[PDB]
């Protein structure tokens, strides 16, 4: 039951956070001098799945892949098959997230939640259908299909926790997916489409007008309820967006941290927090996406990314890049010396 799932998400452990802060203040450095690295360590200490201390065991990046009917509206320059081809490359370790994950010592899990092609060997099969419906003329899927995918992905995610995974990263792969992502952001934040529609995978500037038009039509035609995150996902979202939201709900239920990626992921996080506000404390930003609507989405999530790389690739590449930062906060916490031990006293 999805209701049980959402009900059982743990609140953060304030007691462990207090012990953590005290320990950090006593380290060999002026109090608060390591800034965000200190607040990150405290955040981690409060997550129940981490056993009262900032720590990182195995790391995994979950890449949700799916095609979208809205591609027919001419909102993407990349051929539709690129989704299936790149998904295949994910199993070969040659994509951007694969290379960055390897560099961070993380494993990449490629999940097909709705690719419009024959099944790809090596890819986790959780496909709902061959691509979702064209949001410009109707809903992407039924509410039942959205809830079912959320549940299955949430379970798969927390199941990995039993394999030693303590840190997740979310990612996606799907031609035309920056369109539903913009639709969702517009609805959740109440911002106009023009302010949130970006160039995605190098869409020519002369084709942007059409993209904005399609986004408005999707909203006018479906009339999604902004107060109902699942309604929004099933109407103007996509299977990949749903999957990403599911990883966030699964990690939160598991009491573990999840690193966001770029714009697509911010869209999924807005949905996840709308569905269950208790998910918020488990989300960790990675980078500040070069996508046009990134600033608005992040402001509504009250998040300030650590990395400013002007990145806009997607795939969970930003999440993988930030993993070393999470490990750095843990190393600081566990390995630094203490002031008292050196007889150093500071006001």
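Residue numbers count along the first chain shown, from 1.
Legend: mean Cα B-factor per stretch from the PDB entry, 190-198 versus 266-274; the higher mean is in 190-198. Set against one another, the Cα B-factors of 259, 113, 252, 220 in the record reach their highest point at 220. Each of 160, 176, 236, 132 has a CA temperature factor in the record; the biggest one is found at 160. In the PDB entry, a CA B factor belonging to the middle third of its chain's modelled residues is recorded for residue 33. Residue-level temperature factors show residue 16 in the lowest third of its chain, judged at the C-alpha atom.
When the modelled residues of the chain are ordered by their C-alpha B factor, residue 79 lands in the highest third. When the modelled residues of the chain are ordered by C-alpha B-factor, residue 67 sits in the lowest third. Among all modelled residues in its chain, residue 206 ranks in the highest third by Cα B-factor.
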